[PDB]
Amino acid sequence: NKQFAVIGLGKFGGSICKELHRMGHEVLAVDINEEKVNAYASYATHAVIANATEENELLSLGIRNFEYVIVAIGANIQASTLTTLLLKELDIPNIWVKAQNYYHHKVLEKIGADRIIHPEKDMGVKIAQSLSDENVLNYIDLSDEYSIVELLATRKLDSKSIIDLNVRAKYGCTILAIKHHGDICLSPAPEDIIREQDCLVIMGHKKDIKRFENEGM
């Protein structure tokens, strides 16, 4: 198993920490706030109150031993930067960091952060795609032009067959799965039917999917 250290138990770092622990990884949870440590005590291997900008407190944690250190300190950009800097001077292999704004990203780039993350910004985009198009539940982008989309089927599609909805020739797309009442269907045959309020997973060019949406559903 790998060993992870997560500094900053916010909504983000807390989630990261809780989720890794659930996977059975050795995870060290670190926060300057005692109430936070108490909160996540139950969801990590070790939970320690510590100020990560204090180099002596850092050595006490033995943070040099970890292959992954996740800096999820947000509001205090000085703490985030200074922590990252210390971690870099300690030759930690992979240092992942949560960023607050463009300029925070840049300094983190310059001082040797390995992966920089913008949780809210990324989700904002995802959610906006949903707001604009009530049909989309979730999606993943293969590139700027191609995507896999999970659609909420309407009445227009009720009792329609996959061959009846020819997307491979008509729209250059392919249906990958159907989810009905919780039961899942993968790579359905040309004879398989779709009913309304099912989850329909389609793959193809974005504009072509939007076209299938406007005309098909």
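Heads up: residue numbers just count along the shown sequence, starting at 1.
- Relative to its counterpart among 77 to 85 and 142 to 150, 142 to 150 has the higher mean temperature factor, C-alpha atoms as listed in the PDB entry.
- Look at the mean CA B-factor for 166 to 174 and for 63 to 71 in the entry; the higher one is 166 to 174.
- Ranked within its chain, residue 52 lands in the lowest third, by CA B factor from the PDB record.
- Among all modelled residues in its chain, residue 24 ranks in the highest third by Cα B-factor.
- When the CA B factors of the chain's modelled residues are split into thirds, the value for residue 130 lands in the middle one.
- In this PDB entry, the Cα temperature factor of residue 5 sits in the middle third of its chain's modelled residues.
- In the deposited entry, the Cα temperature factor of residue 11 places it in the lowest third of its chain's modelled residues.
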